[PDB]
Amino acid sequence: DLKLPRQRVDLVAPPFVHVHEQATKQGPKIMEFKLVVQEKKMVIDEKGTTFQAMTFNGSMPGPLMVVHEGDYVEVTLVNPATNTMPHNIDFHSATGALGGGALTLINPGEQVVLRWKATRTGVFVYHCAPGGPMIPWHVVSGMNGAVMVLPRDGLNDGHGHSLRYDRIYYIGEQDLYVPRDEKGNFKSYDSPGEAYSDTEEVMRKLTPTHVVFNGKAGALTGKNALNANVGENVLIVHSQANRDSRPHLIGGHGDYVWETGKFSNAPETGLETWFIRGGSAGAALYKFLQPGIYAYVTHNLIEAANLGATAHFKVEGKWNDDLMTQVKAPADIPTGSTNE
């Protein structure tokens, strides 16, 4: 028997993150989480396209789980009988049994309890992986999230200095493969099973129809922009379970970036754009220096602007004219100019 204190965590919906400590003096615990599979139709773009999604806890991405190195993570995975297919879970943070996949296959009406030891620090993908062609289909239907395993001393810069965030956001990026009819319009289906054959045809050509953050084009823009303040160190965890991405904070930088996402490696400093290899999570820390709107994109700008992959930060504070200033506002080009 494993004789450690137990602590139940209540997950919250992305892009927010459940409460946790960075540095901790607590010893190892059995951290208890519950993920409930939900198959449901969801809206994925600004024109109202719908999609037969499959999710952990009703969101794309699934929620961010946060533990510390040496914790045991005890996950109750639930597959309600309102669902139509089997599901499971593969933690890239875990060791053995296909990440847990081989121990968590559950039919609708069932649940299972998996424990894995958090021996490896970093941010990691988790995803459903039932077997064979169902693996990609469940993942690109939305069944993926991430887990962060923090060192007990918190983050550091790989050169002996502590790093601490004031705020954390989890950006899950999702590649979607939505069939079109002969007229070029997106097709709708009454169940995931009915969508499968047509969807697999799109998947096979490896070109997503949509690339979205937090499950939908515009999810994190407008009213749902991410808030910050000048001076705050913000950790931005980015995951992509199936396909590469290249995150960029427009008007900012990555001050410290773990592109491969693993805290045993020193972060890179001062990046413009980073790279999340498909099947992983990475993380970037940035201290905001200027107020205003920032866009956070994948820097395939076609994906960002035209397929859905733009988030906004709204940053409060005072403008720093030393860092940047408009010396002269737009004006007519001088009559006496020559420019050739």
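For every residue, the number given is its place in the sequence shown, counted from 1.
- The mean Cα B-factor in the deposited entry runs higher for 68 to 76 than for the other of 68 to 76 and 253 to 261.
- 19 to 27 and 328 to 336 differ in mean CA B-factor, and the higher of the two is recorded for 328 to 336.
- Ranking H87, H210, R204, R152 by Cα temperature factor from the entry places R152 first.
- Looking only at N156, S141, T269, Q240, the residue with the top Cα B factor in the deposited structure is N156.
- In this PDB entry, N57 carries a Cα temperature factor that places it within the middle third of its chain's modelled residues.
- The deposited CA B-factor of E173 belongs to the lowest third of values across its chain.
- The PDB entry assigns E32 a C-alpha temperature factor belonging to the highest third of its chain's modelled residues.
- For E182, the recorded CA B-factor ranks within the highest third of the chain. Only modelled residues enter the ranking.
- Among the modelled residues of the chain, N214 sits in the middle third by CA temperature factor in this PDB entry.
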